[PDB]
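The structure tokens that follow cover one protein chain in two forms, given apart as structure 1 and structure 2.
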Structure 1
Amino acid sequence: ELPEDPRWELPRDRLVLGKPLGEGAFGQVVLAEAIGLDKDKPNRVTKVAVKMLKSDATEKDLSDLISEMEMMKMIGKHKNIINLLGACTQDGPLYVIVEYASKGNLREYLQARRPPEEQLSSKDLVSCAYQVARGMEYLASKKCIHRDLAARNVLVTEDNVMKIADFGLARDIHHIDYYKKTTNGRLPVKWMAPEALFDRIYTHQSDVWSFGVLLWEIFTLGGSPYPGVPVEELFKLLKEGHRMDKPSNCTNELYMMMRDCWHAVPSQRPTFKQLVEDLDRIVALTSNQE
């Protein structure tokens, strides 16, 4: 049933499947070892992540996983996104092979580095924002709107590189359940721009608003936005023009950046291009401590 694409296909026997990854937040995904991923080095093994359909998947689940893969083929490569590396589409279940992120999602990474391993410098945190802003600038330049940019959808590699995940996910925005929670217990509506939340209008500008929430997540080291606030109350806060408080140990400039990202008028928010330039400059002048 699936079309062959020699640009991406890996023989099924080259992939040694392993243990589950991401505790189900990204669907059925496992760690694997791929033999001879690079055609130049056929005797090298690479740790990779591998997405597949759950046992009782419908035909729409298959379509959605295919869309995701094709979206990823078109978007191209970037250091700060989770890149496609291959696929097994023939004679067997569909496998979508992507880059492996050994240090987990950014929320977890930050939480484990709180003072009670190695604590993060002010520069490491800004550097973190910068890398994510870079991934997003690239995605935006390729006409991709994320729709759920958040710390949970940012993965961290063994070398502390931030990579945006799930940027090509299929989703029917007219059928979102605003009350559904992420497995960790939070509500995705808390990262959504008002225009996306009330009028279902997703744009690069609404992704920029989500980035503001993510900046707040970085500077609270994995803090939870609007803790205890249920959906109806969140709407009321948004309608009243409410904005989250400045995190402690966040400069006035970075708080102002968050606020700009939460501009009530979408046209007035910065773009990712501008955010990358601003963050580059702030990284250069932020203390590593020494």
Structure 2
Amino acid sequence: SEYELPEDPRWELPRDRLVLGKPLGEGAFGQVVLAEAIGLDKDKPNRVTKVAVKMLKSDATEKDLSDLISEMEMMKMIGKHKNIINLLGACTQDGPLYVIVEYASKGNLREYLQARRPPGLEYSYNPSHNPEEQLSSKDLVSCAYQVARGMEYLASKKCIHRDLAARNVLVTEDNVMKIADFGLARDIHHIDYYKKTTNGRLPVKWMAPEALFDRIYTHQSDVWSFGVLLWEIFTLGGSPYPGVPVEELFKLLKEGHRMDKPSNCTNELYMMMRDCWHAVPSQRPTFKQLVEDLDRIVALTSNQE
């Protein structure tokens, strides 16, 4: 239980200043909740901010604490960007480790897009019982731009996400896109391809071929994944490679088969997808060029549609 937790007075927040609310989600030997932090900014001690706090579960082992510290310390090294989930504070003293980060009210991007789906031929059915206002064409390109910006920053800081999907992007109340779970430590063991997360997702579909076969992870493998993410944006939370099992995906990609253009998508944007989906990693575009291009398309894309 003790354990030597590093104290960092700049990130340190007192526990009586944090009021723990409802759970946000459940991870590996750790759980996230909503909370209200009183006086997050020290020259404004009387203000409350909604935050997300990560804490270990009952079944958590020594390995899990080291991971949690690693994740926290990793966010310190990467620093702040608006388009990623940022470290706010932590409680290392007088109790269990709490890691306080930015809160995105509107949930993950996959559920955000699926709830904003218009009825029609171009998109699938809206799963949400309380559907929201539909998104414009500019909003969607803008969404892609933000994710790229955030990924561009993580790239400059030498962070490789290695799982990048609409699920791993979160949306705030201000409808700012923020990359989530970027600071994870890579497992030393081999991964089970058929294995699903707590949500029932297969990550293999976002993996570049080199990562899928030879388990090689680069910034370029994230670009491939960003192609899959782009596809998800313009399918409004569509499932990649529908009705394709793992075994069928291995062969499909080797033969050079790629996903079909989404019903509502421009050729320029589908070319961007195909560029990220390029077999040879060196021939894929960089996030730097993806930001430069998307910045241009957003201005050109009308907000009326």
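Shifts are known only where both forms have a C-alpha. By rigid core we mean the largest C-alpha set that fits within 1.5 Å across both forms. Counting starts at 1 and follows the sequence of structure 1.
- Core-based superposition between the two structures leaves all of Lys123, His78, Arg186, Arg147 but one with CA shifts under 2 Å; the exception is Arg186.
- Once the rigid core is overlaid between the two structures, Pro266 does not reach a Cα shift of 2 Å, moving by less than that.
- In the core-superposed comparison between the two structures, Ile173 has its Cα shifted by at least 2 Å.
- Superposition of the core reveals a Cα shift of 2 Å or more for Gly24 between the two structures.
- Aligning the rigid core leaves the CA of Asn43 displaced by 0.4 Å between the two structures.
- Once the core is fitted, the segments that move between the two structures, counting only runs of three or more residues with each CA displaced by at least 2 angstroms, are 22-27, 173-175, 182-186.
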